[PDB]
Amino acid sequence: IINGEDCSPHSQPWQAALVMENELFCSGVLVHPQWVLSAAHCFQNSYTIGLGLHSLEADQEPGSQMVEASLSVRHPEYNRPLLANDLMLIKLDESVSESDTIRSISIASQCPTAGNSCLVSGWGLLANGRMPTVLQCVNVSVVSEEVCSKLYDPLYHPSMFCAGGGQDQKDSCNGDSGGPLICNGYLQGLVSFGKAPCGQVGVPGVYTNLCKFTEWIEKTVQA
Ligand SMILES: NC(=[NH2+])c1ccc(N)cc1
Ligand SMILES: [Co+2]
């Protein structure tokens, strides 16, 4: 997160951390007791998801649960066109129990509205190019479709949307991929990509436009 601040511990209970050998590489959103939503470009053969965290130090966070999973379903059209449909559902081995610091969030069924201010959180790089010790939070506003599509032509696709890009230099960044973007308490998008460096004025970040994959997310999680 660029130019944000330490989130209020456990203020985003749907936040899922994805760690590899021993480091964080992505995030996900608990959209169901046994399913974590994330960016297709975060696919692995097996994940080590951390729920209920705030600091990466799992054994320092109470209600925290380091579950495991291996069945991941990337969206059929991911990366066709280049970079598009960047979402993926990861099915957790053992379903988790919604605790005090671990709750799932629902996906917005309506589409981003320009100007609307939202929040995004993650453990990605900071304004100083450094990784944070706790989960970061920042607000960015939805940018209009016109500006988005022209700014990111010809890579822009309807499965994406822009947010931020303001003068305040608030934005996501590397390590926040698959992170959540909440709008009025709904999961509006996932941290997907954007120009580098991050936090450039006039250059918003791109997020997966979840409002567009409700039916798929459903047919998958359920059936
Ligand atoms: N700066 C950004 N909004 C960004 C950087 C890496 C990435 N995967 C996604 C987005
Ligand atoms: Co805590």
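The numbering shown runs from 1 along each chain in the order of its written sequence and may not match that of the entry; residues for which no coordinates exist are omitted. Just so you know, chain letters begin at A and ligand numbers begin at 1, following the order they were written in. Only heavy atoms go into the side-chain values, all of them from the structure, while hydrogens and water stay out.

In the PDB header, X-ray crystallography is given as the technique by which the entry was determined, and 3.00 Å as its resolution.

1. Examining the packing of aromatic side chains
The criterion, for reference: Stacked, edge-to-face and tilted labels apply to pairs of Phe, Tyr and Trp rings (six-membered ring for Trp) whose centres lie within 6.5 Å, assigned for plane angles under 30 degrees, over 60, and everything in between, in that order. Numbered from the N terminus, helices here are DSSP runs of H or I no shorter than four residues, and strands are runs of E no shorter than two. Charges are assigned to positions over rings by a cutoff of 6 Å between ring centre and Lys NZ or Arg CZ, combined with an angular limit of 35 degrees from the ring normal.
This structure, assessed with the given rule, holds three aromatic pairs. With a centroid separation of 5.8 Å and an interplanar angle of 80°, the aromatic rings of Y152 and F193 are classed as edge-to-face. Placement of the pair is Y152 in helix 1 (residues 145-152) and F193 in strand 13 (residues 186-193), with a sequence separation of 41 residues. Against the face of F43 rests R74, its NZ or CZ located 4.4 Å from the ring centre. Of note, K195 hangs over the ring of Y152, and the distance from its end group to the ring centre comes to 4.7 Å.

2. Some details on the site of ligand 1
Which entries qualify depends on this criterion: When we say a residue is near a molecule or strand, we mean one of its heavy atoms is within 4 Å of it. Under the rule applied, a polar contact is a pair of N or O atoms within 3.5 Å (in protein, one hydrogen donor and one hydrogen acceptor; residues adjacent in sequence only if both atoms are side-chain atoms). Note on areas: Shrake-Rupley with a 1.4 Å probe; residue coverage comes only from the protein chains shown. Two kinds of site are reported from a 1 Å grid over the protein atoms alone, namely cavities, where a 1.4 Å probe fits but cannot get out, and pockets, open sets with protein on both sides within 12 Å along at least five of seven lines, and residues are called lining when an atom falls within 4 Å of a point. What decides whether a molecule sits in a cavity or pocket is whether more than half of its atoms lie within 2 Å of the grid points. Polar here means any residue other than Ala, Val, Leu, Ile, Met, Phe, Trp, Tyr, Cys and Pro, which are nonpolar, and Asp, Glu, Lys and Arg, which are charged; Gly is therefore polar.
The environment of ligand 1 is formed by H41, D171, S172, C173, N174, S177, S192, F193, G194, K195, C198 and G205. Contacts to ligand 1 include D171, whose side-chain N or O atom sits 3.1 Å from a nitrogen atom. For ligand 1, a nitrogen atom lies 3.2 Å from a polar atom in the backbone of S192. In the complex, the protein chains occlude 89% of the 290 Å² of accessible area that ligand 1 would expose alone. A molecule is said to occupy a pocket when more than half its atoms come within 2 Å of that pocket's grid points, and by this definition ligand 1 occupies the largest pocket. Within the shell around ligand 1, the residues separate by chemical class into three nonpolar, seven polar and two charged.

3. Section: the domain arrangement of the chain
Where we set the bar: What marks off one domain from the next here is an automatic or database domain assignment. By definition, the buried area sums, over both parts, the 1.4 Å-probe accessible area that each loses when the two are put together. Salt bridges, as used here, are contacts in which a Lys or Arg side-chain nitrogen is within 4 Å of a carboxyl oxygen on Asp or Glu.
Along its sequence, the chain is carved into domain 1 (1-12 + 105-213) and domain 2 (13-104 + 214-223). Relative placement of domain 1 and domain 2: their C-alpha centres are 18 Å apart. Summed over both partners, the interface of domain 1 with domain 2 buries about 2,900 Å², with 65% contributed by carbon and sulfur atoms. Considering only the surface of domain 1 that becomes buried against domain 2, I105, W123 and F213 emerge as the three largest contributors, covering 28% of it. Inspection of the region where domain 1 meets domain 2 yields zero salt bridges. Counting across the interface, domain 1 meets domain 2 through 15 residue pairs in polar contact. At the level of elements, strand 9 (117-122), strand 12 (180-183) and strand 13 are the ones that each hand at least two residues to the side of domain 1 that touches domain 2.

4. Structural notes on empty space enclosed by the protein
Convention followed: Grid points are joined across faces, edges and corners, and a volume is the space filled by probe spheres set on the points.
A complete count under the given rule lists one cavity of 30 Å³ or more for this structure. In this structure, the largest cavity encloses a volume near 60 Å³. For the largest cavity, the lining is made up of 13 residues, of which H10, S11, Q12, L53 and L135 are closest to its centre. Tallied by class, residues from the lining of the largest cavity come to five nonpolar, eight polar and no charged. Two domains each put at least three residues into the lining of the largest cavity: domain 1 (1-12 + 105-213) and domain 2 (13-104 + 214-223).

5. Thoughts on the UniProt feature "binding site: Zn(2+)" in the chain
Condition: UniProt positions are given in the numbering used here, feature names are shortened, and annotations may be inferred rather than shown by experiment.
Per the UniProt entry, the sites bearing "binding site: Zn(2+)" are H10 and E61 in this numbering. What stands out for the annotated residues spanning 52 residues is how close their C-alpha atoms remain, the widest pair being 9.9 Å apart. Of the annotated positions mentioned, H10 line the largest cavity. Mapped onto the secondary structure, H10 falls in the loop between strand 1 (5-6) and strand 2 (15-19).

6. Describing unusual backbone geometry
Peptide bonds are, in most cases, trans, and in most cases residues other than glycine have a negative phi. Note the cis peptide between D153 and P154, where omega equals 0°. Between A196 and the following residue, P197, the backbone shows a cis peptide bond with an omega angle of 0°. In this structure, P197 sits in the loop between strand 13 and strand 14 (205-209). For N85, which is not a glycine, the phi torsion comes out positive at approximately 45°. By the secondary structure assignment, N85 is in the loop between strand 7 (69-74) and strand 8 (88-92).

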